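Engineer: what would the 3D arrangement of this be:
(chains A, B, C, D, E, F, G and H)
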Amino acid sequence: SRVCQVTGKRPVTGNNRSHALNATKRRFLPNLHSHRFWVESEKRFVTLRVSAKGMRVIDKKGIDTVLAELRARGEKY
Amino acid sequence: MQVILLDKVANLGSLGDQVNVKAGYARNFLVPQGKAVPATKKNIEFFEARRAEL
RNA sequence: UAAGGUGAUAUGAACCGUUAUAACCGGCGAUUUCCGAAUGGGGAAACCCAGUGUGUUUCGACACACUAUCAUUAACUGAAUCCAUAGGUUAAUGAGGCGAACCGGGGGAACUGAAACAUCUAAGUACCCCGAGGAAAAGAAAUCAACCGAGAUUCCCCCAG
RNA sequence: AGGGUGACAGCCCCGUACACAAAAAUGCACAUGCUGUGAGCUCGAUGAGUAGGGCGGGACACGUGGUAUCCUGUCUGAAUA
RNA sequence: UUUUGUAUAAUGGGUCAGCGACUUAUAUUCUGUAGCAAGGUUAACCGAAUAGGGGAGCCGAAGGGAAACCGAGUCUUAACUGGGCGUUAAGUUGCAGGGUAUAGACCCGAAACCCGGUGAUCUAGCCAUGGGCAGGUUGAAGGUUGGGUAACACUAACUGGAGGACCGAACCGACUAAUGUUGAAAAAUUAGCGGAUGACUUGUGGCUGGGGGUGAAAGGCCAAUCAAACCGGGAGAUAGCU
RNA sequence: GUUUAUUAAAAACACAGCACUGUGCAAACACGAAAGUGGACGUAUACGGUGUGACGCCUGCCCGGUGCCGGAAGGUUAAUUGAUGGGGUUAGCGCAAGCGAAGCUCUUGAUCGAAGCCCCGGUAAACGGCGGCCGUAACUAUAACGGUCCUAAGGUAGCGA
RNA sequence: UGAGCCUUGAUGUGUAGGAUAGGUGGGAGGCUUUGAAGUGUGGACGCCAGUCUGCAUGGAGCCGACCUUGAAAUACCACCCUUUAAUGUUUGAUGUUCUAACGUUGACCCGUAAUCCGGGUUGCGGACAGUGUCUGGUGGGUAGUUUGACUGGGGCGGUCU
RNA sequence: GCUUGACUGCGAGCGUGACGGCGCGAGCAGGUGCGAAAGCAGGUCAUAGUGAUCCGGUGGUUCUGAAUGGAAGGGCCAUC
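Structural biologist: Numbering: from 1, shown residues only, chains lettered A, B, ... in the order given. Next comes the structure:
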């Protein structure tokens, strides 16, 4: 699934509003990327399919703080 | 970003200073390959004690 | 509770029982074949095929017991790669499916109305999907009011077409 | 009240109002015991990739309009009684 | 019934009996009736339950002006001989009825759009595994030997059995014609006719699903059908039409 | 051979062949939100799209229009970048008319800005086009020929009631 | 190396005139023996007028209202402007390097008696590709629709005020 | 020749329309032009020269100002 594993960003649907305002259904896809993170605590490469915004969340919190929250809500990494 | 160095890395390093570098050079080279530490406002006080005491 | 009774179409046969063990009604249990979440492996549902443990004046065959998957917890082990992890095994507990409406959330039309029709309306309706309960959701103010104040949420009637 | 009994039944029957009854299982109340949970006072502490914003939408009666607020796909980003 | 106009040879009905079509809810206006009256009236709810209680609120007696504001006057203008609109008439709530509005809105009925499911036992293509093709002909390449040539070419028998080859049963396909047209059959019978060693045919099983499939391409086929299958739902779609 | 089962069996479709274009493999393309598969377990002597339909002689002329392939000095131009100027608010100053700082906010949009278009050169077995007006060979008619029409160019071969 | 930005130094021919005078400010003395004027060259600017400066000769000075100029000192020191040069920071069409994201339908190893997947090692690409957001061009591939009415039937022609 | 009445706020009454609307109109108030003056002039000899509405742009007017004071927007009038 195209779901951001950290911030929980899931794709939502919208409309293509043109100059004549005709509504056509589409979807908003996140900027998801598979990045490999090394942890100092566990000494292991952790691969995570996260958004580009979610990488900046990791930068402030720390990779040990992020993976602690994924253990709480039952996410597998 | 605000990462602090520890090594003889080329001309942005002086054995540890807060620099203004891009995030791509921060992670996967400085964030662990050695040679540095992230500055998440906990290491700026911990390694400051390493500067003063040593 | 009882002098009658053995469900009905539907008689007959044969008895049972009449003062407490006939029948009838109710509570608690037992048995509960096979299929179906079906869960030992499979399969064109109501069939086929094993593994291990246990029982034989016949220890062949039959009978009895157990073995699905996932997640969590704990124990034991275990690579590339030394320690470690990935992985493997066992045990404990829980979930699976069905069911009419109601709820929450994710997707989401068109006919029609605009006397055509694209904005719009129909409408977040129909339907699909996930999840849960007897209600759910919402809920104790970074809310309103207007210099006076009021004090969570929900429902109904007004305000009001 | 009603229903049945050979035509229309208060006094024929089943019932009705009323007065009662549960060995066993079970729902809901309080009383009480036990195992976990936690009171009160005082001294602090006050939820950051968040508020907001660029952009693309959606939801608020309110169709971007002079359009606040709410939600976020994307980018950026504070203040600290 | 519809019409300018129907015995009309315009339409509808074989008959009988049953069934079957202007309703309901909430609003608004008007009429009738009834109560009170410059007042009338409650909705939710309470209830000894339609009472009683509750006046939240709605309507009306005051309007004019875009509005502030002014007020039996007001507005317009610098101000009106004036002028636009008002004052000098009692309405309101029940009930019934005549209308309108929103709902399916008198009933029957479209062709179609959209969504969710179900179907490749028919047919279309393909994959996998099997089966069938009587009989009668044509005689390629090659092999062999001889003639012929400087040597090839060329040619002669024998041998060989190539072919989306020919004729023609089973099998498959359906061109002409008749019969049949309330049939024996919702496409067949009878007699001629085409293919028939292949781009064959067929059994068995699987896959490809609806704006999609498949298609040696006709817009054909997809369960007696297809310019978008069937079933269920939106749906009593809509219908200025009969 | 194939085809409108159940009114059209053909001159139709298909066909080997031919030519152009796409394509160096993780192929192009296609089904697929994606993964994956087909192509293909193949590698330009191969595959896909398109056009024509054995073979024999062959396939002329035209690049303006419409498409595609390029080359690029300039012009124009999206997201973005926010340079200037204007407006709103008001601390202060003016006994008043007014002016007006910083801050915040509204509005205006110079510069940065690629394809595309404008422009130029190719491509017709790409979509196509291969003439309109006149003059001229015995009477008409026709035109081997010669002008004009600035639209890119005016029927070659063969055939023809 | 192009552009912004911060220090440090050059840098200013209206004219009378000891004379290629930047403006406001401090300023009657600073500088020289922490070795000066004034001559002699190299490099160089340039309106070839002249100035700047290294080296070196040199061996003890140069100024200020000085009288003039609309405005006084290269006596010195400050915040600067014009022009210009060199370091230092920030940001950029082409070329190279690095590997550490990422890509690997390359090899090899393990989970694993597995052509999936996952992990590791290494070779080679590489901050490109690719995807997401935003945006211009293209787009019947697909979707929703419009394409008028009177009319001696309709269409054509014509008309609508 | 001299000039701006192609005036402003009004308008009794009337024509013509299903309606929206259109057309005529003396006179009054204010301030002007011409004539000495009585008077006349709210376009042209008359009848065609036109576009309802929504939406905005410009100018003017504190009318409104979603707590207050402004402002934005809207309305009114003039106009595109």
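
Engineer: would you map the helices across the chain?
Structural biologist: Looking at chain A here, since you left the chain open. In chain A, the helices defined using DSSP state H lie at A:52-61, A:63-72.

Engineer: you answered for a different chain; I wanted chain B.
Structural biologist: Under the criterion DSSP H, helices of chain B are mapped to B:23-25, B:43-53.

Engineer: near RNA strand D, anything from the shortest one?
Structural biologist: Just to be clear, that refers to helix B:23-25. No - against RNA strand D, helix B:23-25 shows no contacts by C-beta under 7 Å from any atom of the strand, the least distance being 8.6 Å. C-beta here means a position set from N, CA and C on the backbone, and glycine is covered the same way.

Engineer: circling back: could you dump the helices of chain A to a markdown table with distance to chain B and mean neighbour count?
Structural biologist: Shown next, in a markdown table, are the helices of chain A (distance: least, C-beta to the nearest C-beta, whole Å; neighbours: other C-beta atoms under 10 Å in any protein chain shown):
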| stretch | distance to chain B | mean neighbour count |
| --- | --- | --- |
| helix A:52-61 | 7 | 16 |
| helix A:63-72 | 8 | 14 |
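
Engineer: pipe those helices into a markdown table and attach distance to residue A:20 per row.
Structural biologist: Shown next, in a markdown table, are the helices of chain A (distance: least, C-beta to C-beta, whole Å):
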| stretch | distance to residue A:20 |
| --- | --- |
| helix A:52-61 | 33 |
| helix A:63-72 | 45 |
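
Engineer: which of the ones you listed sits closest to residue B:41?
Structural biologist: Of all the helices of chain A, the one in closest proximity to residue B:41, counting by C-beta to C-beta, is helix A:52-61 (9.2 Å).

Engineer: tilt between the closest one and helix A:63-72?
Structural biologist: Per axes from the mean of the first three to the mean of the last three C-alpha atoms, to 10 degrees, the angle that helix A:52-61 makes with helix A:63-72 is 110 degrees.

Engineer: follow-up on the earlier one: closest one to residue A:13 among the helices of chain B?
Structural biologist: Set against residue A:13 and scored by C-beta to C-beta, those come closest in helix B:23-25, at 31.3 Å.

Engineer: all set now, cheers.
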